[PDB]
């Protein structure tokens, strides 16, 4: 259960996180409806969470044990929200350049690779805050992605690592800027 709970925590914390939330039109709209609270009945409509479970009890139990302490759970346990004490970061020019400086472009993945395959591949490449799978105008995966690491250090070590491959396939790795 712990493994599944960890997956649930990470997926929900990603939705309400610093990277996704500011760009999530639908979620931002929901957060305006009831002081940040979003019914779990709405949360289970989120594709990736839905695949893990739709059981409100399992979702709540999971979040209750999170270390991130990012989410709050309602008294009746049917709604969740990002803690109002954890406001979203000010998006200054410095903040954006900081983000850009730890973002990396990676080309070489097979077009049938899933977000899960890539997340698994990156597990031992450093803490990542976002994986942006680039797609064509017909929504097909291009084989290239943008990855936002936790620190410039993590990004640089990854980039400076020679001969990296996604199971046999040589990859082209460049800092977002260089791309």
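Residue numbers count along the first chain shown, from 1. Whichever C-alpha set is largest while still superposing within 1.5 Å between the two forms counts as the rigid core.
Comparing 20-28 with 7-15 by root mean square Cα distance to the shown form in 5 other deposited structures of this protein, with the rigid core used for the fit, gives 20-28 as the more displaced stretch.
Set 7-15 against 158-166 and average the Cα temperature factors; 158-166 ends up higher.
When the mean C-alpha temperature factors of 31-39 and 52-60 are read from the deposited coordinates, 31-39 comes out higher. For the set 44, 145, 68, 137, the PDB entry puts the maximum C-alpha B factor at 68. Sort the chain's modelled residues by C-alpha temperature factor and residue 86 lands in the middle third, per the entry.
Per-chain ranking of the deposited C-alpha B factor places residue 99 in the highest third. Remark: residue 26 belongs to the middle third of its chain, ranked by C-alpha B-factor as recorded. In the PDB entry, a CA B factor belonging to the middle third of its chain's modelled residues is recorded for residue 129. Per-chain ranking of the deposited C-alpha B factor places residue 72 in the lowest third.
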